[PDB]
Amino acid sequence: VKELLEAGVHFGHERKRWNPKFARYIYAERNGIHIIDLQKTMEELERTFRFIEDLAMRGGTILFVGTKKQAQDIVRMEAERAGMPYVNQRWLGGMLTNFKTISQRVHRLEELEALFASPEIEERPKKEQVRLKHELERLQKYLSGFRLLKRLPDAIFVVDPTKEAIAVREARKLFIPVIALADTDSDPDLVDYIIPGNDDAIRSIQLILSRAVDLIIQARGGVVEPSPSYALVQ
Amino acid sequence: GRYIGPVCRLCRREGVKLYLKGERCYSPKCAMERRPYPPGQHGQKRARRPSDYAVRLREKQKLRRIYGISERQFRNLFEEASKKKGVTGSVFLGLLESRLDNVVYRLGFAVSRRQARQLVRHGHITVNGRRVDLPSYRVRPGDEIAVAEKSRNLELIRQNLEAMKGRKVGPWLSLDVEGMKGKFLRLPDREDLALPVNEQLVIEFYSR
Amino acid sequence: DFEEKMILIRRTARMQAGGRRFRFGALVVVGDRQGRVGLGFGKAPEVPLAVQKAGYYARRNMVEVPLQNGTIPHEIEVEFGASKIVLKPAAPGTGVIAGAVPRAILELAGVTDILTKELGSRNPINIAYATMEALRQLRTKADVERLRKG
Amino acid sequence: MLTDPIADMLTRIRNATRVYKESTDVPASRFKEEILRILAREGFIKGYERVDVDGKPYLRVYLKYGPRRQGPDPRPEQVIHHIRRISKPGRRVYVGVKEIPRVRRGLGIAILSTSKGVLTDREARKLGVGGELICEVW
RNA sequence: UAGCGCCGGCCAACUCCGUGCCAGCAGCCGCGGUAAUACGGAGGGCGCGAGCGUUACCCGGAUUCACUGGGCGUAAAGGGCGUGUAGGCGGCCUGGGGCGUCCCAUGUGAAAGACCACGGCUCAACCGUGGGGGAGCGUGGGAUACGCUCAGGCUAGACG
RNA sequence: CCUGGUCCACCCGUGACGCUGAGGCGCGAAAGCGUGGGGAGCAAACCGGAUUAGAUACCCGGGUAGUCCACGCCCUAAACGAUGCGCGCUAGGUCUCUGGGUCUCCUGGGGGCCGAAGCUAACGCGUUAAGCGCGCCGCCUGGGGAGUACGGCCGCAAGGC
Ligand SMILES: [Mg+2]
Ligand SMILES: [Mg+2]
Ligand SMILES: [Mg+2]
Ligand SMILES: [Mg+2]
Ligand SMILES: [Mg+2]
Ligand SMILES: [Mg+2]
Ligand SMILES: [Mg+2]
Ligand SMILES: [Mg+2]
Ligand SMILES: [Mg+2]
Ligand SMILES: [Mg+2]
Ligand SMILES: [Mg+2]
Ligand SMILES: [Mg+2]
Ligand SMILES: [Mg+2]
Ligand SMILES: [Mg+2]
Ligand SMILES: [Mg+2]
Ligand SMILES: [Mg+2]
Ligand SMILES: [Mg+2]
Ligand SMILES: [Mg+2]
Ligand SMILES: [Mg+2]
Ligand SMILES: [Mg+2]
Ligand SMILES: [Mg+2]
Ligand SMILES: [Mg+2]
Ligand SMILES: [Mg+2]
Ligand SMILES: [Mg+2]
Ligand SMILES: [Mg+2]
Ligand SMILES: [Mg+2]
Ligand SMILES: [Mg+2]
Ligand SMILES: [Mg+2]
Ligand SMILES: [Mg+2]
Ligand SMILES: [Mg+2]
Ligand SMILES: [Mg+2]
Ligand SMILES: [Mg+2]
Ligand SMILES: [Mg+2]
Ligand SMILES: [Mg+2]
Ligand SMILES: [Mg+2]
Ligand SMILES: [Mg+2]
Ligand SMILES: [Mg+2]
Ligand SMILES: [Mg+2]
Ligand SMILES: [Mg+2]
Ligand SMILES: [Mg+2]
Ligand SMILES: [Mg+2]
Ligand SMILES: [Mg+2]
Ligand SMILES: [Mg+2]
Ligand SMILES: [Mg+2]
Ligand SMILES: [Mg+2]
Ligand SMILES: [Mg+2]
Ligand SMILES: [Mg+2]
Ligand SMILES: [Mg+2]
Ligand SMILES: [Mg+2]
Ligand SMILES: [Mg+2]
Ligand SMILES: [Mg+2]
Ligand SMILES: [Mg+2]
Ligand SMILES: [Mg+2]
Ligand SMILES: [Mg+2]
Ligand SMILES: [Mg+2]
Ligand SMILES: [Mg+2]
Ligand SMILES: [Zn+2]
């Protein structure tokens, strides 16, 4: 739970076309591209992580959202590498806002996990036998991580608020605290706990998202060693 | 005149027991007592949701139809109440409760208000000694509402002031049954009255 | 607990090759006559379903009205679209002097003495919305105090 | 040339707060300074100081806002929800002490300029004077 | 002695019969072409009551001439454009005057009326007595922040 | 050749000399008018051919005024951004025309588009505001009757206000 010279990535990201609001977190522009002021990246981590542990060491359920195909794997892992649920593939309209409904999909997926392991598997011609084949398939692709949520998360850890804007917006609406790794092209004012830095570059998406789960574990006392996502970092 | 006519019918239209007959309105017959639906060929059909207007109109009627006052006098009193200091709704009720015919009712010298009224217009009542035959006469506090000796020996007065023996009376009043005289102690405080009327709605019928 | 009031219900029509296709709009007010009021506008194939939907929505939209001896802490004038609402504090005995829409709300809000005035578009829907915005904007000596303490 | 400098300042402040600026400059004048003195005391601004922009005397007006809010649109409530110029060149407005208005049942203020100086409606009423009703603020 | 208006919505009060885009109603929206809560009648109902309706007229609602309190891209509304007279409006600092403005005192502001209180006629209407407020203007004294005027200064407007 | 406006740099000179603007005066597309000139092409009117139920039109062949110049007059318009002028304040992105700079960009004036806050009935507007404000002018006040009647002023007239 530390490290300062993490310029190993982060900062300097997203061409000039920013969002003036994110100007407070910017150091300067060199050869195009705004370079995020790390001193502040730090400051925010300290505060954000605090919120994290506190709510982590209280049995808080956190939902990870990172659809950005870029860092679409470094998310589920650290997510799974904790109780925490996750939205890896694509975020659907109503995950949180229409939760009671979208939940019926999960209360249907586990509902098929059943049939696909009983004496009824061999029933109805491929007609109604194949309709229910694909049925699962997809669910298990979208609700793989949203599987865990059984009630609105106490928070949301978004990796790119701008991309994952619909999500943020639903947190907001439901007063669900919003934690998010964000940068130059985003509206900070919408992130409750900002992790200002490279929203792209799996390296940077890893360093942070990873350590976040570390402090989550350290907070849950169950102390653990390095993470298995450092592999996809290639 | 002041109405005159089918009265336990007003009771029905207002859907509540209005005591415009004293006795009988207690017996198993005030009609409100078994046959609560308004008068006329339609009273039993399902009622339609009343317009806010309808409510206040009915509400004002209920209250006025109680003291037997004419819309004219009723209106004037309310206007006087509005102009006066203090919470108008309150003041209004008190002012109505101050009519002599009414006091004569509260004191029991008479069964109903209508009866009471006639006892006033017929000179059977006295205020501080001199007789007063003005149903709308306003009683001040400390005044002695009474029966005139020349009337104390009337069968009606007897039955009436007799039935009043042991019977208690409004806290803003006082009654000496044998002396056939009572006193208007204080303007009845709103809480003292227990009329089946939400006067706030009346104030509203007159704001429109 | 919560008392519900139906501001209005309209029939609304739509067109299709064939004819018109109705829906029902319902504006419902909900409050505890003790400082809490909510507005709800729901529509559905049938009135009941609509109303119910409205009520359900009202409870979703609550306002904390700072009642004071039965009135409001001060005067606000709010403009919602073309409808403008004027709320003026009043003494006791006054009553709720307002049009049906603002009334229903003010009443279930716990407001008992207030001076009101509908200006601009008298459109019930936007007037009612104008109202909630007015109340929602009411502040208090303590509130101001909080804000200017710094 | 500014037409009504007080109105300018009133507006500069109004505008700057709608976008939640930290501070905001306004060309300096005793009179404007005097009003600021009140905005500050009444606690509508974190205060103000005199700066020298590009060689000329301005007045940094440090603005104040409430705290971040819940749900969507977390923008703070404004400390200065309202600030209107009243008397204006081409319709000057004066009042006697008896005519000094009461802004929002007291929850607000009215700044008038009197021969006893620039006062709030409270102060004016106290000193028992009246004057040119400058602006309204709440 | 009890009467008059109304009962489609606005707007409180509903059914039968007659009539059949007729006869008729009608404040606005509208109602009648064979099931009319809208026509005429009746039963019943609502409202008010020695009255109740109608017509006319004034203010209101009408922030619908908007001072309080409106507007003008497409709803009605920017002048075809410029130059410019009168007029309206006027950047920063200092000082004089004190016209506007503000303050105190005082005069004036008849009676009646209006408001409050008490009182006379059995009540009330009506009337009596007493009380309080009051803009405007005159006079005397005072204040000087803003507006104004005079004087000096400045350079951020303007012009060169 | 003669002449208007205007932008940038330097910061040099004056020292609030400013903004707006009833009336006034000037300018003001097309058509039209007067005198004279001009007249290739085009083309109201008109002369014909065709189409059609008819075709006082659309298509085709001709064709005068006019369209062109001068001088005088007329003064209208969807004379439009259907958006009066000036000033200050309120994210940015991108394209572009023109100037200065330490010129993979900064700064100024202009032309576009998208869009912060905000505005708006909505459509939309959004540092070229329809935003937030101050100053001054002009103008609206349901539709038809009617841009008519009358009167006045202007014009040769047509007509204009
Ligand atoms: Mg009263
Ligand atoms: Mg409709
Ligand atoms: Mg409006
Ligand atoms: Mg209403
Ligand atoms: Mg209107
Ligand atoms: Mg004013
Ligand atoms: Mg009715
Ligand atoms: Mg009918
Ligand atoms: Mg019939
Ligand atoms: Mg009728
Ligand atoms: Mg009939
Ligand atoms: Mg009479
Ligand atoms: Mg009228
Ligand atoms: Mg008016
Ligand atoms: Mg009119
Ligand atoms: Mg106005
Ligand atoms: Mg208007
Ligand atoms: Mg048009
Ligand atoms: Mg138009
Ligand atoms: Mg123009
Ligand atoms: Mg025009
Ligand atoms: Mg001038
Ligand atoms: Mg000046
Ligand atoms: Mg001086
Ligand atoms: Mg001076
Ligand atoms: Mg003076
Ligand atoms: Mg005087
Ligand atoms: Mg007098
Ligand atoms: Mg007396
Ligand atoms: Mg007198
Ligand atoms: Mg004097
Ligand atoms: Mg002096
Ligand atoms: Mg000078
Ligand atoms: Mg120089
Ligand atoms: Mg010099
Ligand atoms: Mg000019
Ligand atoms: Mg011309
Ligand atoms: Mg021409
Ligand atoms: Mg010619
Ligand atoms: Mg010629
Ligand atoms: Mg030809
Ligand atoms: Mg031909
Ligand atoms: Mg031809
Ligand atoms: Mg102009
Ligand atoms: Mg641009
Ligand atoms: Mg260059
Ligand atoms: Mg530009
Ligand atoms: Mg440019
Ligand atoms: Mg917006
Ligand atoms: Mg505006
Ligand atoms: Mg829309
Ligand atoms: Mg735009
Ligand atoms: Mg007309
Ligand atoms: Mg007309
Ligand atoms: Mg014409
Ligand atoms: Mg002539
Ligand atoms: Zn009875």
# chains A, B, ... in the order shown; residues from 1 in each chain; ligands from 1
>>> interface_residues(of="chain F", to="chain D", cutoff="9 Å", atoms="only C-alpha atoms (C1' of nucleotides)", output="PDB file with N, CA, C and O atoms (P, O5', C5', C4', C3', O3' and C1' of nucleotides), in the first residue's frame")
ATOM      1  P     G F  18     -16.619  62.204 -27.564  1.00  0.00           P
ATOM      2  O5'   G F  18     -16.677  60.952 -26.577  1.00  0.00           O
ATOM      3  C5'   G F  18     -15.795  59.829 -26.721  1.00  0.00           C
ATOM      4  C4'   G F  18     -16.286  58.684 -25.869  1.00  0.00           C
ATOM      5  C3'   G F  18     -17.622  58.092 -26.280  1.00  0.00           C
ATOM      6  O3'   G F  18     -17.480  57.090 -27.277  1.00  0.00           O
ATOM      7  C1'   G F  18     -17.699  58.612 -23.989  1.00  0.00           C
ATOM      8  P     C F  19     -18.557  57.004 -28.468  1.00  0.00           P
ATOM      9  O5'   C F  19     -19.790  56.257 -27.809  1.00  0.00           O
ATOM     10  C5'   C F  19     -19.647  54.921 -27.347  1.00  0.00           C
ATOM     11  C4'   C F  19     -20.909  54.468 -26.678  1.00  0.00           C
ATOM     12  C3'   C F  19     -22.181  54.575 -27.494  1.00  0.00           C
ATOM     13  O3'   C F  19     -22.355  53.512 -28.403  1.00  0.00           O
ATOM     14  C1'   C F  19     -22.564  55.472 -25.356  1.00  0.00           C
ATOM     15  P     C F  87     -18.404  47.597 -28.211  1.00  0.00           P
ATOM     16  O5'   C F  87     -18.457  47.615 -26.624  1.00  0.00           O
ATOM     17  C5'   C F  87     -17.881  48.711 -25.898  1.00  0.00           C
ATOM     18  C4'   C F  87     -18.104  48.539 -24.423  1.00  0.00           C
ATOM     19  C3'   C F  87     -17.745  47.177 -23.873  1.00  0.00           C
ATOM     20  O3'   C F  87     -16.352  47.111 -23.600  1.00  0.00           O
ATOM     21  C1'   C F  87     -19.860  47.858 -23.046  1.00  0.00           C
ATOM     22  P     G F  88     -15.606  45.689 -23.596  1.00  0.00           P
ATOM     23  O5'   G F  88     -16.020  45.044 -22.204  1.00  0.00           O
ATOM     24  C5'   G F  88     -15.521  45.595 -20.987  1.00  0.00           C
ATOM     25  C4'   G F  88     -16.247  45.015 -19.818  1.00  0.00           C
ATOM     26  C3'   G F  88     -16.240  43.503 -19.702  1.00  0.00           C
ATOM     27  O3'   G F  88     -15.036  43.042 -19.110  1.00  0.00           O
ATOM     28  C1'   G F  88     -18.427  44.340 -19.282  1.00  0.00           C
ATOM     29  P     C F  89     -14.481  41.575 -19.451  1.00  0.00           P
ATOM     30  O5'   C F  89     -15.461  40.588 -18.690  1.00  0.00           O
ATOM     31  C5'   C F  89     -15.580  40.658 -17.276  1.00  0.00           C
ATOM     32  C4'   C F  89     -16.688  39.765 -16.802  1.00  0.00           C
ATOM     33  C3'   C F  89     -16.628  38.327 -17.286  1.00  0.00           C
ATOM     34  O3'   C F  89     -15.804  37.552 -16.439  1.00  0.00           O
ATOM     35  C1'   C F  89     -18.824  39.182 -17.540  1.00  0.00           C
ATOM     36  P     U F  90     -15.015  36.291 -17.031  1.00  0.00           P
ATOM     37  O5'   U F  90     -16.159  35.220 -17.296  1.00  0.00           O
ATOM     38  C5'   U F  90     -16.538  34.307 -16.266  1.00  0.00           C
ATOM     39  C4'   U F  90     -17.659  33.419 -16.731  1.00  0.00           C
ATOM     40  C3'   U F  90     -17.383  32.414 -17.838  1.00  0.00           C
ATOM     41  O3'   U F  90     -16.838  31.207 -17.330  1.00  0.00           O
ATOM     42  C1'   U F  90     -19.403  33.554 -18.290  1.00  0.00           C
ATOM     43  P     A F  91     -15.355  30.757 -17.755  1.00  0.00           P
ATOM     44  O5'   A F  91     -15.435  30.474 -19.321  1.00  0.00           O
ATOM     45  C5'   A F  91     -16.162  29.342 -19.826  1.00  0.00           C
ATOM     46  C4'   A F  91     -15.315  28.093 -19.731  1.00  0.00           C
ATOM     47  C3'   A F  91     -14.275  27.844 -20.812  1.00  0.00           C
ATOM     48  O3'   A F  91     -13.043  28.507 -20.605  1.00  0.00           O
ATOM     49  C1'   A F  91     -15.510  25.869 -20.426  1.00  0.00           C
ATOM     50  P     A F 117     -23.544  21.666 -19.345  1.00  0.00           P
ATOM     51  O5'   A F 117     -23.536  23.028 -18.521  1.00  0.00           O
ATOM     52  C5'   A F 117     -23.007  23.087 -17.190  1.00  0.00           C
ATOM     53  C4'   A F 117     -23.053  24.500 -16.665  1.00  0.00           C
ATOM     54  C3'   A F 117     -24.405  25.196 -16.665  1.00  0.00           C
ATOM     55  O3'   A F 117     -25.150  24.885 -15.501  1.00  0.00           O
ATOM     56  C1'   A F 117     -22.735  26.663 -17.516  1.00  0.00           C
ATOM     57  P     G F 118     -26.735  24.623 -15.612  1.00  0.00           P
ATOM     58  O5'   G F 118     -27.310  25.998 -16.166  1.00  0.00           O
ATOM     59  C5'   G F 118     -27.113  27.219 -15.463  1.00  0.00           C
ATOM     60  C4'   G F 118     -27.382  28.382 -16.379  1.00  0.00           C
ATOM     61  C3'   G F 118     -28.705  28.384 -17.128  1.00  0.00           C
ATOM     62  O3'   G F 118     -29.774  28.910 -16.364  1.00  0.00           O
ATOM     63  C1'   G F 118     -26.947  28.878 -18.630  1.00  0.00           C
ATOM     64  P     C F 132     -30.161  34.839 -18.895  1.00  0.00           P
ATOM     65  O5'   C F 132     -29.017  35.498 -18.030  1.00  0.00           O
ATOM     66  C5'   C F 132     -28.457  34.791 -16.935  1.00  0.00           C
ATOM     67  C4'   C F 132     -27.290  35.551 -16.392  1.00  0.00           C
ATOM     68  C3'   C F 132     -27.569  37.003 -16.067  1.00  0.00           C
ATOM     69  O3'   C F 132     -28.226  37.147 -14.819  1.00  0.00           O
ATOM     70  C1'   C F 132     -25.486  36.778 -17.176  1.00  0.00           C
ATOM     71  P     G F 133     -29.336  38.292 -14.651  1.00  0.00           P
ATOM     72  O5'   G F 133     -28.437  39.604 -14.554  1.00  0.00           O
ATOM     73  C5'   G F 133     -28.790  40.813 -15.257  1.00  0.00           C
ATOM     74  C4'   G F 133     -27.663  41.816 -15.178  1.00  0.00           C
ATOM     75  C3'   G F 133     -27.986  43.172 -15.764  1.00  0.00           C
ATOM     76  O3'   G F 133     -28.655  43.967 -14.828  1.00  0.00           O
ATOM     77  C1'   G F 133     -25.893  42.474 -16.584  1.00  0.00           C
ATOM     78  P     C F 134     -29.722  45.034 -15.335  1.00  0.00           P
ATOM     79  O5'   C F 134     -28.813  46.249 -15.802  1.00  0.00           O
ATOM     80  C5'   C F 134     -28.141  47.053 -14.832  1.00  0.00           C
ATOM     81  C4'   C F 134     -27.332  48.127 -15.508  1.00  0.00           C
ATOM     82  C3'   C F 134     -28.071  48.972 -16.524  1.00  0.00           C
ATOM     83  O3'   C F 134     -28.815  50.015 -15.932  1.00  0.00           O
ATOM     84  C1'   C F 134     -26.012  48.264 -17.447  1.00  0.00           C
ATOM     85  P     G F 135     -30.108  50.580 -16.696  1.00  0.00           P
ATOM     86  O5'   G F 135     -29.481  51.427 -17.885  1.00  0.00           O
ATOM     87  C5'   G F 135     -28.539  52.463 -17.619  1.00  0.00           C
ATOM     88  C4'   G F 135     -28.036  53.056 -18.912  1.00  0.00           C
ATOM     89  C3'   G F 135     -29.065  53.406 -19.974  1.00  0.00           C
ATOM     90  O3'   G F 135     -29.735  54.620 -19.731  1.00  0.00           O
ATOM     91  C1'   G F 135     -27.222  52.338 -20.995  1.00  0.00           C
TER      92        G F 135
END
>>> residues_near_ligand(ligand="ligand 45", cutoff="12 Å", atoms="only C-alpha atoms (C1' of nucleotides) and all ligand atoms", output="list in words")
residues 92, 93, 94, 95, 96, 110, 111, 112, 113, 114, 115, 127 and 128 of chain F
>>> residues_around(residues="range 106-110 of chain C", least_positions_apart="2", cutoff="7 Å", atoms="only C-alpha atoms (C1' of nucleotides)", output="list in words")
residues 3, 30, 31, 32, 33, 34, 35, 36, 37, 65, 67, 102, 103, 104 and 112 of chain C
>>> select_by_dssp(residues="range 8-186 of chain A", states="strand (DSSP E)", output="PyMOL selection string")
chain A and resi 26-29+34-36+62-65+86-87+155-158+178-182
>>> residues_near_ligand(ligand="ligand 33", cutoff="10 Å", atoms="only C-alpha atoms (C1' of nucleotides) and all ligand atoms", output="ChimeraX atom specification")
/E:93,151-154 /F:15-16
>>> write_last_selection(atoms="N, CA, C and O atoms (P, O5', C5', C4', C3', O3' and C1' of nucleotides)", output="PDB file, in the first residue's frame")
ATOM      1  P     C E  93     -12.384  55.506  -7.007  1.00  0.00           P
ATOM      2  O5'   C E  93     -11.305  56.656  -6.798  1.00  0.00           O
ATOM      3  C5'   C E  93      -9.998  56.332  -6.341  1.00  0.00           C
ATOM      4  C4'   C E  93      -9.182  57.579  -6.132  1.00  0.00           C
ATOM      5  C3'   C E  93      -9.791  58.698  -5.306  1.00  0.00           C
ATOM      6  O3'   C E  93      -9.738  58.458  -3.907  1.00  0.00           O
ATOM      7  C1'   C E  93      -8.731  59.603  -7.217  1.00  0.00           C
ATOM      8  P     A E 151     -15.343  74.612 -13.050  1.00  0.00           P
ATOM      9  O5'   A E 151     -14.222  74.228 -11.976  1.00  0.00           O
ATOM     10  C5'   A E 151     -13.619  75.251 -11.146  1.00  0.00           C
ATOM     11  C4'   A E 151     -12.605  74.657 -10.192  1.00  0.00           C
ATOM     12  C3'   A E 151     -11.559  73.728 -10.776  1.00  0.00           C
ATOM     13  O3'   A E 151     -10.488  74.381 -11.408  1.00  0.00           O
ATOM     14  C1'   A E 151     -12.401  72.788  -8.789  1.00  0.00           C
ATOM     15  P     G E 152      -9.772  73.658 -12.642  1.00  0.00           P
ATOM     16  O5'   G E 152      -8.863  72.551 -11.948  1.00  0.00           O
ATOM     17  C5'   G E 152      -7.794  72.954 -11.102  1.00  0.00           C
ATOM     18  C4'   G E 152      -7.257  71.789 -10.312  1.00  0.00           C
ATOM     19  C3'   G E 152      -6.714  70.585 -11.062  1.00  0.00           C
ATOM     20  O3'   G E 152      -5.415  70.782 -11.605  1.00  0.00           O
ATOM     21  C1'   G E 152      -8.015  69.859  -9.223  1.00  0.00           C
ATOM     22  P     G E 153      -5.002  70.003 -12.954  1.00  0.00           P
ATOM     23  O5'   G E 153      -4.905  68.481 -12.486  1.00  0.00           O
ATOM     24  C5'   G E 153      -3.983  68.112 -11.450  1.00  0.00           C
ATOM     25  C4'   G E 153      -4.153  66.665 -11.046  1.00  0.00           C
ATOM     26  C3'   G E 153      -4.052  65.572 -12.100  1.00  0.00           C
ATOM     27  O3'   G E 153      -2.717  65.264 -12.474  1.00  0.00           O
ATOM     28  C1'   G E 153      -5.837  65.100 -10.624  1.00  0.00           C
ATOM     29  P     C E 154      -2.410  64.772 -13.976  1.00  0.00           P
ATOM     30  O5'   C E 154      -2.918  63.263 -13.986  1.00  0.00           O
ATOM     31  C5'   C E 154      -2.395  62.331 -13.033  1.00  0.00           C
ATOM     32  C4'   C E 154      -3.195  61.053 -13.028  1.00  0.00           C
ATOM     33  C3'   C E 154      -3.193  60.228 -14.295  1.00  0.00           C
ATOM     34  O3'   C E 154      -2.020  59.443 -14.370  1.00  0.00           O
ATOM     35  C1'   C E 154      -5.379  60.310 -13.383  1.00  0.00           C
TER      36        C E 154
ATOM     37  P     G F  15      -4.079  67.305 -22.119  1.00  0.00           P
ATOM     38  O5'   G F  15      -5.316  66.439 -21.605  1.00  0.00           O
ATOM     39  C5'   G F  15      -6.643  66.672 -22.122  1.00  0.00           C
ATOM     40  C4'   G F  15      -7.517  65.481 -21.857  1.00  0.00           C
ATOM     41  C3'   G F  15      -7.955  65.291 -20.413  1.00  0.00           C
ATOM     42  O3'   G F  15      -9.238  64.688 -20.451  1.00  0.00           O
ATOM     43  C1'   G F  15      -6.724  63.412 -21.113  1.00  0.00           C
ATOM     44  P     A F  16     -10.330  65.022 -19.326  1.00  0.00           P
ATOM     45  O5'   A F  16     -11.481  63.960 -19.636  1.00  0.00           O
ATOM     46  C5'   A F  16     -12.109  63.938 -20.939  1.00  0.00           C
ATOM     47  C4'   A F  16     -13.231  62.925 -20.999  1.00  0.00           C
ATOM     48  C3'   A F  16     -14.284  62.969 -19.898  1.00  0.00           C
ATOM     49  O3'   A F  16     -15.574  62.812 -20.493  1.00  0.00           O
ATOM     50  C1'   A F  16     -13.406  60.778 -20.105  1.00  0.00           C
TER      51        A F  16
END
>>> residues_near_ligand(ligand="ligand 54", cutoff="12 Å", atoms="only C-alpha atoms (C1' of nucleotides) and all ligand atoms", output="list in words")
residues 142, 143, 144 and 145 of chain F
>>> residues_near_ligand(ligand="ligand 31", cutoff="10 Å", atoms="only C-alpha atoms (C1' of nucleotides) and all ligand atoms", output="MDAnalysis selection string")
chainID E and resid 138:142
>>> interface_residues(of="chain E", to="chain C", cutoff="12 Å", atoms="only C-alpha atoms (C1' of nucleotides)", output="PyMOL selection string")
chain E and resi 61-64+69-70
>>> interface_residues(of="chain E", to="chain D", cutoff="7 Å", atoms="only C-alpha atoms (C1' of nucleotides)", output="list in words")
residues 89, 90, 91, 101, 102, 103, 143, 144, 145, 146, 156 and 157 of chain E
>>> write_last_selection(atoms="C-alpha atoms (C1' of nucleotides)", output="PDB file, in the first residue's frame")
ATOM      1  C1'   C E  89     -27.077  57.555 -19.634  1.00  0.00           C
ATOM      2  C1'   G E  90     -21.546  58.275 -17.701  1.00  0.00           C
ATOM      3  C1'   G E  91     -14.355  55.410 -16.048  1.00  0.00           C
ATOM      4  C1'   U E 101     -31.450  61.906  -1.404  1.00  0.00           C
ATOM      5  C1'   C E 102     -31.740  60.752   4.022  1.00  0.00           C
ATOM      6  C1'   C E 103     -32.658  62.412   9.337  1.00  0.00           C
ATOM      7  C1'   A E 143     -25.811  64.096   7.472  1.00  0.00           C
ATOM      8  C1'   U E 144     -22.708  63.659   2.857  1.00  0.00           C
ATOM      9  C1'   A E 145     -22.392  57.336   0.978  1.00  0.00           C
ATOM     10  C1'   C E 146     -24.769  57.584  -3.923  1.00  0.00           C
ATOM     11  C1'   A E 156      -7.850  51.367 -17.715  1.00  0.00           C
ATOM     12  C1'   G E 157     -12.909  54.228 -22.116  1.00  0.00           C
TER      13        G E 157
END
>>> closest_atom_pairs(of="chain D", to="chain A", cutoff="12 Å", atoms="only C-alpha atoms", output="JSON lines")
{"residue": "D:19", "atom": "CA", "partner": "A:21", "partner_atom": "CA", "distance": 10.7}
{"residue": "D:20", "atom": "CA", "partner": "A:21", "partner_atom": "CA", "distance": 11.2}
{"residue": "D:21", "atom": "CA", "partner": "A:21", "partner_atom": "CA", "distance": 11.4}
{"residue": "D:68", "atom": "CA", "partner": "A:189", "partner_atom": "CA", "distance": 9.1}
{"residue": "D:69", "atom": "CA", "partner": "A:175", "partner_atom": "CA", "distance": 9.8}
{"residue": "D:70", "atom": "CA", "partner": "A:175", "partner_atom": "CA", "distance": 6.1}
{"residue": "D:71", "atom": "CA", "partner": "A:175", "partner_atom": "CA", "distance": 4.7}
{"residue": "D:72", "atom": "CA", "partner": "A:172", "partner_atom": "CA", "distance": 5.0}
{"residue": "D:73", "atom": "CA", "partner": "A:190", "partner_atom": "CA", "distance": 7.6}
{"residue": "D:74", "atom": "CA", "partner": "A:189", "partner_atom": "CA", "distance": 7.2}
{"residue": "D:75", "atom": "CA", "partner": "A:189", "partner_atom": "CA", "distance": 7.9}
{"residue": "D:76", "atom": "CA", "partner": "A:189", "partner_atom": "CA", "distance": 10.8}
>>> residues_around(residues="residue 61 in chain D", least_positions_apart="5", cutoff="7 Å", atoms="only C-alpha atoms (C1' of nucleotides)", output="list in words")
residues 23, 24, 25, 47, 48 and 49 of chain D
>>> write_last_selection(atoms="C-alpha atoms", output="compact mmCIF listing (two decimals), in the first residue's frame")
# COMPACT_ATOMS: atom_id res chain seq x y z
CA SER D 23 -11.96 34.00 -7.01
CA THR D 24 -12.81 36.69 -9.62
CA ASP D 25 -11.45 40.16 -10.33
CA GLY D 47 -13.48 37.85 1.56
CA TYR D 48 -11.44 39.98 -0.84
CA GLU D 49 -8.05 41.65 -1.30
>>> residues_around(residues="residue 42 in chain F", least_positions_apart="6", cutoff="12 Å", atoms="only C-alpha atoms (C1' of nucleotides)", output="list in words")
residues 63, 66 and 67 of chain F
>>> residues_near_ligand(ligand="ligand 40", cutoff="9 Å", atoms="only C-alpha atoms (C1' of nucleotides) and all ligand atoms", output="PyMOL selection string")
chain F and resi 35-38
>>> residues_near_ligand(ligand="ligand 10", cutoff="9 Å", atoms="only C-alpha atoms (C1' of nucleotides) and all ligand atoms", output="PyMOL selection string")
chain E and resi 6-8+25-26+38
